[PDB]
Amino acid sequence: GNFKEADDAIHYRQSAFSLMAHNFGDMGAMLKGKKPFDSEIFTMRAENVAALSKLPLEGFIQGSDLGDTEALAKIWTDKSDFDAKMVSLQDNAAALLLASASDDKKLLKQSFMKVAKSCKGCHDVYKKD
C-alpha cells in the first residue's frame, strides 16, 4: 500500500480532518457573527475544505482500527456506507464552494449546514464516544 505502517495511515487521515476542521470553523465563526465576514476569506475557506475533503478516505486502510485512533472498527464492516458518507461530504463541500461565489447569505448558511450535517452525521456512527 501507499502507507508504510498503519500509524502512517492513521496520522494521514487525522491531519486531513484537523486541517479541515480548522478551515470549516472559520466559516462558522463568520456566519455566527463571532468574527467579521469576509467573502474572499470565506471562499478561500470553502476552497480549502473542498480540497481537504478528498484526502482522508485513502487513510482508512484495512487493519488500521487498532492503536491511537478514534475510528470505530464498524467502519470496515460497513465500508460501502462509510465511503458513501465521505463522497457526500465532498459533494456538500463542493456545493458550499459554489455558494461562496454568490453573496446570498441564507444560501451560504444552509449550504454550510448541509456540510456540518456530514461532519456530525459520520462522527455519530463511526467515531468513538
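One-based numbering along the sequence shown.
Asker: Name the higher of the two by mean Cα B-factor in the PDB entry, 44-52 versus 71-79.
Answerer: Mean CA B-factor is higher for 71-79.
Asker: Taking the values exactly as deposited, rank residue 18 by C-alpha B-factor within its chain and report the matching third: lowest, middle or highest.
Answerer: It belongs to the lowest third of the chain when residues are ordered by C-alpha B-factor.
Asker: Could you tell me which third, lowest, middle or highest, the C-alpha B-factor of residue 93 occupies within its chain?
Answerer: Its C-alpha B-factor, which the entry lists for residue 93, ranks in the lowest third among residues of this chain.
Asker: Can you work out whether the C-alpha temperature factor of residue 59 puts it in the lowest, middle or highest third of the chain?
Answerer: Within its chain, residue 59 is a lowest-third residue by C-alpha B-factor, going by the deposited values.
Asker: Among the modelled residues of its chain, does the C-alpha B-factor of residue 109 lie in the lowest, middle or highest third?
Answerer: Highest third of the chain for residue 109's C-alpha B-factor.
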